[PDB]
Structure formats: C-alpha cells, structure tokens
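Asker: Please find one structure pasted underneath; my questions will follow.
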Amino acid sequence: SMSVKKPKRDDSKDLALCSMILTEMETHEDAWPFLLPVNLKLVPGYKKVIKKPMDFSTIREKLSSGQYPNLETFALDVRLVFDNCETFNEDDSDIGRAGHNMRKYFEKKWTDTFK
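Going by PDB author numbering, the first residue of the sequence shown is number 1856, and it counts up by one from there.
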C-alpha cells in the first residue's frame, strides 16, 4: 500500500530474457504455423471467429518497440497464440499438435527462466 512495498525484484534483464525465449520459439521446427499472421483474406472463418489474432512476428515487433509493459503481458500474447490455435484447429491435426507442443516448450522455458 502507500509507502509499503515488497522487496524490489530485479526486472532489468526481463526484456533480454523474453527475447531469448522468443528466439527459441521462432527456431523450433514446429513453429511454422505461428511465424506469421494468419492470412485473413485466405482463411475462411478466421477473421470472425478469432477475435484477437496473434503470431510470433507480431510479438517480436511489439517486444522490439516497447509495447510490452512487463513480462506478464508478453506471456499473455504467447499464450494467446496457442489458445487461438486450439480454438481453430482440431487436436488431431498437424497444426493442432504443433500448438500443444509449442505451448509445452514455452511453459517450461518460462518456469525455468523466471520461477
């Protein structure tokens, strides 16, 4: 509360560390469904159904331009990518499996780097 604070967690490396995680997600062999925004002209149903599209290139641009106020807003967009994938793709599909795999890969790196 006013003039009463928990000890200051060092957040000075968060930007660099989120960048490194994002690099590792970008280079994973199962990243291909997530590298670029879904083409809303060429994928029937996507625009209407997925209210907030998100992809790794969009996260990269947001990260590089100071549009993440803190490491949690960064995690929320990464998770959004996988939540969107699950919304639109059957579990038993190459893309559906890719999303599960990437979400797992992310959540481990997230815990190991920050928890």
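We put the beta carbon where it would ideally sit given N, CA and C, even for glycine.
How about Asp1885 and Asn1956: are their beta carbons less than 8 angstroms apart?
Answerer: Working through the sequence shown from its first residue, we reach residue 1885 at position 30. Working through the sequence shown from its first residue, we reach residue 1956 at position 101. Yes, Cβ-Cβ distance for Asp1885 and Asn1956 is below 8 angstroms.
Asker: Just tell me which of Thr1878, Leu1897 and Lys1907 has its CA closest to the CA of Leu1890.
Answerer: Sequence index remark: in the sequence shown, residue 1890 carries index 35 (1-based). If we check each option's Cα against that of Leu1890, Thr1878 comes out closest.
Asker: Which value, in whole angstroms, describes the spacing of the CA atoms of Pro1892 and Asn1939?
Answerer: Along the sequence shown, read from residue 1 onward, the residue named residue 1892 stands at position 37. Along the sequence shown, read from residue 1 onward, the residue named residue 1939 stands at position 84. In a straight line, the C-alpha of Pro1892 is about 12 angstroms away from that of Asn1939.
Asker: When the Cα atoms are used, what is the spatial distance from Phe1937 to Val1898?
Answerer: For the purposes of this step, residue 1937 is taken as residue 82 along the sequence shown, with counting starting at 1. For the purposes of this step, residue 1898 is taken as residue 43 along the sequence shown, with counting starting at 1. Spanning the two alpha carbons is a distance of roughly 17 angstroms.
Asker: Would you kindly report the start and end of the unbroken alpha helix (DSSP H) that includes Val1936?
Answerer: Walking along the sequence shown from the start, residue 1936 turns up at place 81. Start and end: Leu1926 to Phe1943.
Asker: Run the CB neighbour count on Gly1900, radius 10 Å, all protein chains shown included, and call it buried at 16 or more, exposed below.
Answerer: Within the sequence shown, numbered from 1, the residue matching residue 1900 stands at position 45. Exposed.
Asker: Which of the three DSSP states, helix, strand or coil, is assigned to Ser1874?
Answerer: Taking the sequence shown and counting its residues from 1, one reaches residue 1874 at position 19. Of the three classes helix, strand and coil, the one that applies to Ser1874 here is helix, per DSSP.
Asker: Answer with buried or exposed for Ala1871, where buried requires no fewer than 16 other C-beta atoms within 10 angstroms of its C-beta.
Answerer: Start at 1 with the first residue of the sequence shown, and residue 1871 comes out as number 16. So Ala1871 counts as exposed.
Asker: Give me the Cα-Cα distance between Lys1861 and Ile1876, rounded to the nearest whole angstrom.
Answerer: Within the sequence shown, residue 1861 is the residue found at index 6, counting from 1. Within the sequence shown, residue 1876 is the residue found at index 21, counting from 1. Those two C-alpha atoms are separated by around 27 angstroms.
Asker: According to DSSP, is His1955 part of a helix, a strand, or is it coil?
Answerer: Position 100 of the sequence shown, counted from the first residue, corresponds to residue 1955. Here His1955 sits in helix by DSSP.
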